[PDB]
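Quick notes on the structure that follows.
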Amino acid sequence: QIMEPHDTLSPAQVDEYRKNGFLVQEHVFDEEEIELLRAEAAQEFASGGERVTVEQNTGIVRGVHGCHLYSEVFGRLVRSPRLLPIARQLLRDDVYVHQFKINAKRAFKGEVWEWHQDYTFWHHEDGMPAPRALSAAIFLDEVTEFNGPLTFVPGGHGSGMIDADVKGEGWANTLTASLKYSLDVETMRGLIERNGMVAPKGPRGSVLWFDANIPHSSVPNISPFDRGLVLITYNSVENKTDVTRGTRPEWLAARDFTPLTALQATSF
Amino acid sequence: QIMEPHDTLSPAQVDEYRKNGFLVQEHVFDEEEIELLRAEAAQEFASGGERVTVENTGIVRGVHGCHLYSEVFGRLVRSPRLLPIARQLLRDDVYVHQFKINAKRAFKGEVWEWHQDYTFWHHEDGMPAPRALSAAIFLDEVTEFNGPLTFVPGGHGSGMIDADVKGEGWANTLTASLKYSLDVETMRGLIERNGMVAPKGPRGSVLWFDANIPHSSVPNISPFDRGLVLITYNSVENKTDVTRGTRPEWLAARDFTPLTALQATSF
Ligand SMILES: O=C(O)CCC(=O)C(=O)O
Ligand SMILES: O=C(O)CCC(=O)C(=O)O
Ligand code: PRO
Ligand code: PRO
Ligand SMILES: [Fe+3]
Ligand SMILES: [Fe+3]
């Protein structure tokens with residue numbers, strides 16, 4: 001009977017997150033915790049059925065989606081006192097999970113993620129009315145320069161949504177190497193020319209926080225080292241999506257907007 | 001379909017609260033909001049029955065647990081002007097341990113003896129630690145002369161202090177003459193070290209104060225009322241040991257469900 005008092009971000013941390021559109025906290029989770037998250041990720045890849053995506057070239061696991069609805073471990077993770085208080089502080093509201101994914105980015109054969117803003121998809125596919133949302137990516141493996149790290153244009157969220165060409169009809173291609181919305185090179189080259197690019201690194205158990213509208217990308221992982229990320233997308237409850245205008249299953253775009261509460265210490 | 005984003009306290013404000021044991025935010029609620037709360041309060045005094053306390057004169061002095069009976073007060077404790085700060089200060093999800101409205105009528109009012117709230121919540125209710133706080137909403141301007149709450153700044157920083165226990169039961173936990181009151185010598189000591197302060201402010205302000213800060217107040221000699229809505233928030237982790245509890249739910253809550261903030265609806 002005692003969890004550690006909720007920790008929130010410093011005012012400088014908050015500033016950095018607002019100016020850059022991302023922020024890394026190192027070693028939020030320890031090794032044993034990361035090993036539990038890894039074992040549960042594996043179970044979900046094995047048993048997720050239609051919720052699992054596979055790589056085009058190899059048929060190797062690319063993603064598993066909506067796990068917090070199906071796994072007791074992931075349903076508790078999203079309420080962790082290491083995460084929830086910060087989601088609530090950054091979004092200045094009570095929050096809920098809009099989306100939960102584990103992106104495997106396997107060694108050697110892990111494929112690209114093209115440049116995009118997340119809000120673009122959540123707005124047009126799910127009816128998210130404003131970009132008042134964020135993601136927390138938990139590193140199940142050390143992130144280096146060589147294993148296809150998640151990459152951002154810092155400050156690139158200052159513009160809001162950005163002209164992306166749509167491509168195709170339903171939603172299967174929202175999770176693929178070739179993405180339904182994506183930035184056109186010209187659009188990108190200029191962002192990059194103006195703002196640069198940054199790929200934050202960190203050890204296992206770090207959490208990378210980022211804005212719903214920051215442009216980001218990742219190159220193929222041809223290295224020998226996996227780069228497993230657990231991505232939790234937190235949305236402001238006031239900003240709940242309009243389910244009238246929603247097109248995807250629950251396991252991609254949540255419908256239950258109950259405010260999350262933090263996990264308390266129990267004897268089990 | 002918009003509430004104002006949750007506001008929290010600055011690092012300065014938070015530091016000021018921890019060192020002094022209290023903090024005023026001026027003008028949280030407007031005159032119109034305050035009036036709706038004043039009218040609901042009057043309803044509660046009128047219909048509260050056994051939950052209502054009276055002063056010499058039988059003038060209603062207090063009513064308790066209104067958040068459980070009034071929809072307005074049930075909503076107020078979830079307000080985005082209140083709940084986010086209670087969570088920030090207690091560093092937890094929170095729930096309401098106690099809710100009370102204390103009237104201190106113009107030319108009327110009694111002397112509340114020096115006391116620490118946590119002394120009652122620990123011994124009567126089973127609150128295991130002082131990880132709790134109270135938010136006092138000013139229904140009227142609080143001045144020098146209408147019996148303001150008065151504190152010893154930093155007085156919370158030692159423990160719960162040893163106190164005279166008079167009476168058995170809980171009737172005298174709500175009375176001018178309190179069940180646990182602070183010894184004369186012990187207070188003198190505290191006051192000679194720390195001094196005394198009565199925070200002031202306009203109507204609609206909120207006075208946050210620690211569960212263990214010593215406080216007192218005197219009768220009101222102004223021709224103006226001093227209504228306080230006092231909401232006591234407790235950390236969920238700090239929930240009270242219900243097996244050691246002695247008082248009803250309208251004084252000491254037993255439903256520990258984390259509060260969630262109030263959202264915009266069309267009604
Ligand atoms: O795993 C990655 O590098 C990118 C994932 C991402 O941005 C997403 O799935 O939206
Ligand atoms: O309203 C007052 O002046 C006294 C409040 C108080 O300290 C209490 O009811 O515990
Ligand atoms: O479709 C989605 O919502 C996620 C986020 C952008 C790419 N895949
Ligand atoms: O009994 C109670 O809980 C309140 C707090 C101290 C005075 N009366
Ligand atoms: Fe993305
Ligand atoms: Fe008191």
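Order of listing sets the numbers, starting from 1, for every ligand and every atom in it. Numbers restart at 1 for each chain; the letters A, B, ... are given by sequence-line order, proteins then strands. We use all heavy atoms of the structure for the numbers below, so side chains are in, but hydrogens, waters and symmetry mates are not.
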What residue and heavy atom of the protein are closest to [atom], and at what distance?
| atom | answer |
| --- | --- |
| atom 7 (O) of ligand 2 | B:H215 NE2, 2.8 Å |
| atom 5 (C) of ligand 2 | B:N102 ND2, 3.3 Å |
| atom 8 (C) of ligand 2 | B:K100 CE, 3.7 Å |

Near [X], which atoms of ligand 2 are under 4.0 Å from a heavy atom of that residue?
| X | answer |
| --- | --- |
| B:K104 | 3 (O) |
| B:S217 | 2 (C), 3 (O) |
| B:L149 | 2 (C), 3 (O), 4 (C), 5 (C) |

key: Qualifying residue for side-chain contact (heavy atoms from CB on, under 4.5 Å) with B:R131, from B:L89, B:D210, B:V94, B:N238   = B:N238

ask   = Quick one: is the NZ or CZ of A:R255 closer than 6.0 Å to the six-membered ring centre of A:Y96, and within 45° of its axis?
value = no

inquiry  = With a 6.0 Å cut-off (strictly less than), is the heavy-atom count around CD of B:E26, excluding the residue itself, greater than 12?
reply    = yes

query = Counting only heavy atoms not in A:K240, do more than 12 fall under 6.0 Å of its NZ?
reply = no

inquiry  = I'd like to know if A:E111 and A:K105 make a salt bridge, using a cut-off of under 4.0 Å between side-chain N and carboxylate O.
reply    = no

ask   = Is the closest basic N to carboxylate O distance between A:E55 and A:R62 below 4.0 Å?
value = yes

query = Could you go step by step and tell me if A:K109 and A:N57 meet the side-chain contact (heavy atoms from CB on, under 4.5 Å) rule?
reply = CA-CA 8 Å; A:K109 349 275 335 172; A:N57 306 158; over 6 Å; no

ask   = Between B:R226 and ligand 2, which residue portion shows a heavy-atom distance shorter than 4.0 Å: side chain, backbone, both, or neither?
value = side chain

key: Proximity of B:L230 to ligand 2 by residue part, where a heavy atom lies under 4.0 Å   = neither

ask   = Do B:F138 and B:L228 come within less than 4.5 Å of each other through their side chains, counting heavy atoms only?
value = yes

message = Tell me whether the rings of B:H115 and B:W112 are parallel (<30°), tilted (30 to 60°) or perpendicular (>60°).
response = tilted

Do [X] and [Y] have ring centres separated by under 6.0 Å?
| X | Y | value |
| --- | --- | --- |
| B:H67 | B:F99 | yes |
| B:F209 | B:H215 | yes |
| B:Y17 | B:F22 | no |
| A:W171 | A:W251 | yes |

note = Report for the Fe ion (ligand 5), protein N, O or S closer than 2.8 Å, by chain and number, lists A:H116 NE2, A:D118 OD1, A:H216 NE2

List below, pair by pair, the N or O atoms of ligand 3 and of the protein that are less than 3.5 Å apart, including the distance to 0.1 Å; reply 'none' if no pair qualifies.
residue	atom	partner	partner atom	Å
ligand 3	1 (O)	A:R248	NH1	2.7
ligand 3	3 (O)	A:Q99	OE1	3.4
ligand 3	3 (O)	A:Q99	NE2	3.1
ligand 3	3 (O)	A:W122	NE1	3.0
ligand 3	3 (O)	A:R248	NH2	2.9
ligand 3	8 (N)	A:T174	O	2.9

